[PDB]
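The next block is entry.cif, given as mmCIF, C-alpha atoms.
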data_work
#
loop_
_atom_site.label_atom_id
_atom_site.label_comp_id
_atom_site.auth_asym_id
_atom_site.auth_seq_id
_atom_site.Cartn_x
_atom_site.Cartn_y
_atom_site.Cartn_z
CA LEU S 7 0.00 0.00 0.00
CA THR S 8 1.21 3.53 -0.76
CA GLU S 9 0.60 5.07 2.65
CA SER S 10 2.32 2.01 4.22
CA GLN S 11 5.45 3.21 2.47
CA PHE S 12 4.87 6.63 4.12
CA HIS S 13 4.02 5.33 7.59
CA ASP S 14 7.38 3.47 7.67
CA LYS S 15 9.30 6.65 6.96
CA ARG S 16 7.19 8.24 9.73
CA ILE S 17 7.84 6.04 12.79
CA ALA S 18 11.47 5.65 11.78
CA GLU S 19 11.85 9.41 11.93
CA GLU S 20 9.84 9.71 15.13
CA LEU S 21 11.67 6.80 16.75
CA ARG S 22 15.17 8.14 15.90
CA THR S 23 14.12 11.47 17.34
CA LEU S 24 13.30 9.70 20.64
CA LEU S 25 16.49 7.61 20.49
CA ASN S 26 18.41 10.90 20.32
CA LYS S 27 17.06 11.95 23.72
CA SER S 28 18.27 8.85 25.46
CA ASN S 29 21.63 10.23 26.68
CA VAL S 30 20.01 13.35 28.08
CA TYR S 31 17.66 11.05 29.98
CA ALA S 32 20.33 8.59 31.09
CA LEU S 33 22.22 11.52 32.61
CA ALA S 34 19.16 12.69 34.53
CA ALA S 35 18.48 9.16 35.75
CA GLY S 36 22.11 8.72 36.85
CA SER S 37 21.12 9.73 40.36
CA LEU S 38 17.89 7.66 40.47
CA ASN S 39 17.51 3.93 41.15
CA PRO S 40 18.92 1.70 38.48
CA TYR S 41 15.45 0.69 37.23
CA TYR S 42 15.25 3.96 35.34
CA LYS S 43 18.65 3.73 33.67
CA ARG S 44 18.13 0.05 32.92
CA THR S 45 14.74 0.50 31.34
CA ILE S 46 16.18 3.26 29.13
CA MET S 47 19.01 0.94 28.15
CA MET S 48 16.72 -1.96 27.35
CA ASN S 49 14.25 0.17 25.39
CA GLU S 50 17.20 1.68 23.54
CA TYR S 51 18.24 -1.78 22.39
CA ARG S 52 14.76 -2.63 21.17
CA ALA S 53 14.45 0.69 19.34
CA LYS S 54 17.73 0.22 17.49
CA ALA S 55 16.82 -3.36 16.63
CA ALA S 56 13.49 -2.19 15.23
CA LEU S 57 15.14 0.58 13.15
CA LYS S 58 17.37 -2.07 11.65
CA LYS S 59 14.50 -4.48 10.91
CA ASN S 60 12.58 -1.53 9.48
CA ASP S 61 9.45 -3.27 10.80
CA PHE S 62 6.61 -0.77 11.34
CA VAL S 63 5.16 -2.63 14.34
CA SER S 64 8.44 -3.08 16.24
CA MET S 65 9.27 0.55 15.65
CA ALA S 66 5.85 1.71 16.90
CA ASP S 67 6.12 -0.42 20.05
CA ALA S 68 9.61 0.86 20.85
CA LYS S 69 8.49 4.43 20.34
CA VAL S 70 5.75 3.98 22.93
CA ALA S 71 8.16 2.34 25.35
CA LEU S 72 10.73 5.14 25.25
CA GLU S 73 8.01 7.78 25.63
CA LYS S 74 6.70 5.91 28.66
CA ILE S 75 10.08 5.75 30.44
CA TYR S 76 10.99 9.32 29.54
CA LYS S 77 7.69 10.45 30.99
CA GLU S 78 8.33 8.48 34.22
CA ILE S 79 11.77 10.04 34.58
CA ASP S 80 10.24 13.49 34.01
CA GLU S 81 7.84 12.80 36.89
CA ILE S 82 10.51 11.72 39.46
CA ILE S 83 12.81 14.61 38.62
CA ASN S 84 9.88 17.00 38.89
CA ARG S 85 9.26 16.21 42.56
#
Step by step, read the file and then write its structure as C-alpha cells.
Amino acid sequence: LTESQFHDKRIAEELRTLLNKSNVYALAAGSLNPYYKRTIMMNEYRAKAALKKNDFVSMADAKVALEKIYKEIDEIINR
C-alpha cells in the first residue's frame, strides 16, 4: 500500500528522534535507582533493533516504550 510506504518513513523518523534523547535522559536518571537507567538501556536496544529491521510494528512499540520511560523520569525529577 502507498501510505504504508509513508508510515514506515514516519515512525522511523519519530523513533530516531526519541532515540536521540536517550543520553540526556540517562544523565538525569544517573542519580535515580537503576530501574530507570536500565529500562532506558533496554528500550534503547529494542528501538535500534526495530530501526534495523525496518518493521513498522516493532518501531511503533519501541516508540511507545521510550516515551513511557521518559515520561516516568520526568515525573521523578519533577518532585
Practice task
For residue 44 (chain S), work out the shell of residues within 12 Å, counting only C-alpha atoms and skipping chain neighbours fewer than 3 positions away, then give it as a PyMOL selection string.
Solution key: chain S and resi 28+31-32+35-36+38-41+47-51+72+75+79
Problem - Contacts of region 11-15 of chain S at 10 Å (all atoms listed in the file; same-chain gap of 3+ positions) as a VMD selection string - result: chain S and resid 7 to 8 18 to 20 57 60 to 63 65 to 66
Handout entry: Distance of CA of residue 56 (chain S) from CA of residue 83 (chain S), expressed in Å to one decimal place
Key =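 Value for the CA of residue 83 (chain S)-CA of residue 56 (chain S) distance: 28.8 Å.
With only C-alpha atoms as the basis for measurement, S:46 is the residue among S:46, S:53, S:70, S:17 that approaches residue 33 (chain S) most closely.
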Problem - Nearest to residue 80 (chain S) by atom-to-atom distance, counting only C-alpha atoms, from S:26, S:16, S:34, S:10 - result: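 Among the listed residues, the smallest separation from residue 80 (chain S) belongs to S:34.
Using all atoms listed in the file for every distance, the candidate list S:25, S:9, S:37, S:42 yields S:42 as the residue closest to residue 77 (chain S).
Taking CA of residue 24 (chain S) and CA of residue 58 (chain S) as the two end points, the separation is 15.4 Å.
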Exercise for the section: Could you tell me how far CA of residue 64 (chain S) lies from CA of residue 30 (chain S), in Å and to one decimal? Expected result: 23.3 Å
